[PDB]
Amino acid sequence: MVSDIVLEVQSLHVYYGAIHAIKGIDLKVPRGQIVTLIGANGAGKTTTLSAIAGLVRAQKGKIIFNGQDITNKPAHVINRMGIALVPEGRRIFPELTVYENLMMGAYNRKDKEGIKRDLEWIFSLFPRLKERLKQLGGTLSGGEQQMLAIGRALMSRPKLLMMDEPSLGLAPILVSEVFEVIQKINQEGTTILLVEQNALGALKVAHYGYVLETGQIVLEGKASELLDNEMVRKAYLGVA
């Protein structure tokens, strides 16, 4: 099935350890849009993405991918279905060079031209990466590694690209380039679910946003409108 809503979370509840991390949230990520989930550290952003990816259990509610209930399915299955996740930590394989890291992303495509066009498309998106194609990973700057992690996910031609704090700890200029690349990716049609602590940057590129506070959504709406909301501005953008 193919839906206009690529991902829908319904009354999701997540419990682990001693804490009730997510307390019944609802979210929708429309096809071709960039949706962002923002909130302070510890709001439950990573947990939300983990639940969706099946890395943590959903005690209540459901996660629907293109109309199909994938609630609590095996993480490896959910990945094969088309949901790509670029977790926090710019996880990359340092022992493999930039080229190998990108290519391992298209391990299940069988494509011939597509893989070709996609590899070159990623080159225009990340000039600095092509500048160090034969170079190993772990020898690039965190900024470059972050860009490499994103490139790898792209080579799998994701039906849904999820990213957890893509700009965390980066220099202003890199933060700016991260968000610009996210926009370029979306302009090609890729649906994105972006989790960020940098609310300003996230809301500026997103179509829709959700504000998560202590496991619950307190506000949601068109991104441009959230930027003009007094509560968002004072609480997340520093305008008090």
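Throughout, we count residues from 1 along the sequence that is shown.
As the entry records it, the average C-alpha temperature factor is higher for 50 to 58, out of 50 to 58 and 207 to 215. Comparing 218 to 226 with 8 to 16, the stretch with the higher mean C-alpha B-factor in the PDB entry is 8 to 16. Remark: of 170, 153, 83, 125, 125 shows the highest value [criterion: C-alpha B-factor in the PDB entry].
For residue 68, the recorded CA B-factor ranks within the middle third of the chain. Only modelled residues enter the ranking.
When all modelled residues of the chain are sorted by CA temperature factor, residue 41 is found within the highest third. In the PDB entry, a CA B factor belonging to the lowest third of its chain's modelled residues is recorded for residue 162.
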